[PDB]
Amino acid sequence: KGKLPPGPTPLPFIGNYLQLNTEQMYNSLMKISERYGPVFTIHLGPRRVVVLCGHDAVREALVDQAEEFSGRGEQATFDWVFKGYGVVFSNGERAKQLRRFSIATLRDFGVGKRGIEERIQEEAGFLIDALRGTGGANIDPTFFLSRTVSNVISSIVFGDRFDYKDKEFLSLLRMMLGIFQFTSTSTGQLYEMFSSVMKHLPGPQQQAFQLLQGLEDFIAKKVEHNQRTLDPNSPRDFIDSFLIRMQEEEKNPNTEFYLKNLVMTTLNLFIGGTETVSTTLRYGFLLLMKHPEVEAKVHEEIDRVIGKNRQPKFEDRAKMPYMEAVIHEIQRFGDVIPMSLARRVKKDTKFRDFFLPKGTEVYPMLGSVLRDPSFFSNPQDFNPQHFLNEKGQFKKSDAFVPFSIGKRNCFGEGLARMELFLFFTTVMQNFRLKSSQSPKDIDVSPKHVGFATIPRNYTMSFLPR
């Protein structure tokens, strides 16, 4: 029965609203940690949350006490559509079934294997083609990168990749993009505290709902399409494998394989498989143009190990320590999902002499692990040396946790690291990156930080080398 972690006294309903700047949630919670310690209690409106800061607090909970911290908490904006259904927002039995099935089915369509390495190499080549065809003109790379990324997971879950022509495609991409931005604003973070009121009020949360509805309707139309052209012995994509598994479980009335879980799971993958990698690429190029010395070492190393002729491949990894360090440092620096997705204690839990009642939400401050001064000698700088030893060979970090850790850690990690290596490598093989402004003027502080870290709007050009 010990005590909850210390933290500032909340008000009825508003919680710790007075100590929170919803524009800068992460900076807010970190200011509070400086006063209360690395483990503290915050009230996000009426949501009682335990916040974990620094590598040690986060590894201790999510790894050393893995089972106890394995429950899924809420993200309220996403909840509006998912409603506890689908792999990401589910718990207990639902969670174990959808994750085990999702991981396996991803692996059946080539994730972690030559299959998807081919699909990514191919789709990369299509990206090179498009950036050439701009002929060095000053463009917004946003939808160039995200079309390419989205087409990879799209081929896995929908079968065939989207034609760049498709107007529905861009529409979906705008939708995904506007949701990531919304959830990263003051208002999206205010919604995390006050959703039981705000869901019924007018404002930018109404528009973010319409985008979620947009994505749900598109997935439900693709499912429909898949069902009535289905072939039970030869699955065409993820949706088919879940349709089939649905059919096998018409006997079991306690099954988790029904329509709503298929829709929401496919939506999770589509969304998860698109926006984070895409935001990482986009920040990544921005960082590279700001650090032209880094771009030159990368260029130097691409030329010696790969040269201009062949397609980069995943194994090149092993022989490119400086590129792996660059991509590691883009992820670390980007901090794209700075507060993870919320966890929940699965039962009454003891954790460092605090007591956590069953159901308490947990915030793993992944951003604080990526910036932990005990693991990286210059947290606020972009410096690939963070992941290099004395001998310029790749150096692992225990604080490299952009995908989180523990039992509900990101299972798209393997796909992502593959897409990131290949897309970054192939793009810089063919282009030098040319900024709109001089390196000293490039602003890499974020536009929005909340659920995600969003880079500022920018333009650039892609010049042949």
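So that the term is clear: the rigid core is the largest set of C-alpha atoms that superpose within 1.5 Å between two forms. Residue numbers run from 1 along the displayed sequence.
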For this session: Report the stretch with the higher root mean square CA deviation, pooled over structures and residues in 4 other deposited structures of this protein, choosing between 379-387 and 162-170 after a rigid core fit.
Result: 162-170
Problem set entry | Comparing 35-43 with 425-433, the one whose average Cα B-factor in the PDB entry is higher | 425-433
Exercise. Between 281-289 and 240-248, which has the higher average C-alpha B-factor in the PDB entry?
Worked result: 240-248
Exercise. Per the PDB entry, which option out of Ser368, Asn91, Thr134, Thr265 has the greatest Cα B factor?
Worked result: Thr134
Seminar exercise, completed: For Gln205, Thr255, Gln75, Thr276, the deposited C-alpha B-factor is largest at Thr255
Seminar exercise, completed: Chain-relative C-alpha B factor for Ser195 (record values, thirds): the lowest
Problem set entry | Third of the chain, ranked by Cα B-factor, where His299 sits | highest
Exercise. Is the Cα B-factor recorded for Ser438 in the lowest, middle or highest third of its chain?
Worked result: highest
For this session: Would you mind ranking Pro141 by its C-alpha B-factor against the rest of the chain and naming the third, lowest, middle or highest?
Result: middle
For this session: Please rank the C-alpha B-factors of the chain's modelled residues and tell me whether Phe158 sits in the lowest, middle or highest third.
Result: highest
